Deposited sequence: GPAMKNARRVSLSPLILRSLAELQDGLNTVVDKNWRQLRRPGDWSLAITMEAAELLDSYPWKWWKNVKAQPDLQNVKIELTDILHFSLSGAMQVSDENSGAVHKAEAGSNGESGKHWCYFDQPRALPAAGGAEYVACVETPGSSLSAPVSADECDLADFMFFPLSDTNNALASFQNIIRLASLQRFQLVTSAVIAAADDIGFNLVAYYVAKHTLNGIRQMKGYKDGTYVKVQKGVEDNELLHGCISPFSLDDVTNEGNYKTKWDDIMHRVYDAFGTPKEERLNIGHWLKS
């Protein structure tokens, strides 16, 4: 399973633009090992979405909606790593169906191994395969979380003044509703996808009350 190369390139452009919001000269400041560590830590969030602990709340239920968020986060970081290292310098590492918690725990631990080896392109392929298997719209999730990531930067995430959970709702949870109106074809159609990505962005901006003047539309992010 792979995305169209034109879709992958647009996602990469979005990723570069977001990384530039975080730091103008990120391509000089960041190193491959940074992206390895970030993927590791998202992979721990992903594992922690399951009731893996045999000593703590053993009848807990998995947070399968959060799984989608953490896979999307891994994609942001694997796209970023791939901009710095091609893998030169799947069925062995990923186990389907991921609906089986044993398969998920094994697979997602193997993502950490791939990350440590700086096989970022393979991590991207793993995430695409995982979304295909689970049946969620990875591209739409990406555009939505990309927008939230930018919003967080606007609202002081980098200086420690942001609050992610408010009135019982984590910011990430509001993304599901922003994405549900969009089909896979909507966000991958060769001629029209950019308009649909723009629509996702504005839904996320609405969800967080971003004043119109502070919003960045799809064209901000693309080099095509």
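S.K.: Tell me which segments of the deposited chain sequence are not represented by C-alpha atoms in this structure.
M.R.: Holes in the chain trace, numbered from 1: 1-9, 99-155.
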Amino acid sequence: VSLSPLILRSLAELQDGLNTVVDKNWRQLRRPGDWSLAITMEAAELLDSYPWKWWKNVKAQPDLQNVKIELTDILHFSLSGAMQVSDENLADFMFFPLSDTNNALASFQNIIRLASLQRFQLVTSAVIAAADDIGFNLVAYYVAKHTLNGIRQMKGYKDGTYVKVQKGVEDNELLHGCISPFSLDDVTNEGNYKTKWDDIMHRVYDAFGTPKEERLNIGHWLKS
From here on, numbers count along this sequence of modelled residues.
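S.K.: Among the other compared PDB entries, is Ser99 dropped in a third or more?
M.R.: No: coordinates for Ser99 present in every compared entry.
S.K.: Across the other PDB entries of this protein that model residues on both sides of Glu88, is it left without coordinates in at least a third of them?
M.R.: In at least a third of the comparable entries (those modelling both sides of it), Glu88 has no coordinates.
S.K.: If you take the mean CA temperature factor per stretch, which one wins between 154-162 and 65-73?
M.R.: Mean CA B-factor is higher for 154-162.
S.K.: Take the C-alpha B-factors listed in the entry for 210-218 and for 13-21, compute each mean, and give the stretch with the larger one.
M.R.: Taking the mean B-factor of the alpha carbons in each, 210-218 is higher.
S.K.: Looking at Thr101, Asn137, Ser80, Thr147, which has the highest Cα B-factor in the entry?
M.R.: Max CA B-factor in the entry, restricted to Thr101, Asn137, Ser80, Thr147: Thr101.
S.K.: Tell me which of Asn57, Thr40, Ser49, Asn189 tops the list for C-alpha B factor in the record.
M.R.: If I rank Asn57, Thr40, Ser49, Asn189 by C-alpha B-factor, first place goes to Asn189.
S.K.: For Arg31, does the deposited CA B-factor place it in the lowest, middle or highest third of the chain?
M.R.: According to the entry, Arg31 has a C-alpha B-factor in the chain's highest third.
S.K.: Within this chain's modelled residues, let me know which third the CA B factor of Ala129 belongs to: lowest, middle or highest.
M.R.: It belongs to the highest third of the chain when residues are ordered by C-alpha B-factor.
S.K.: What third of its chain's C-alpha B-factors does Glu45 belong to: lowest, middle or highest?
M.R.: Lowest third of the chain for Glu45's C-alpha B-factor.
S.K.: Using only modelled residues of the chain, where does the Cα B factor of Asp185 rank: lowest third, middle third or highest third?
M.R.: Highest third - that is where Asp185 ends up once the chain's C-alpha B-factors are sorted.
S.K.: Comparing against every modelled residue in the chain, figure out the third that the C-alpha B-factor of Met94 lands in (lowest, middle or highest).
M.R.: Its C-alpha B-factor belongs to the highest third of this chain's values.
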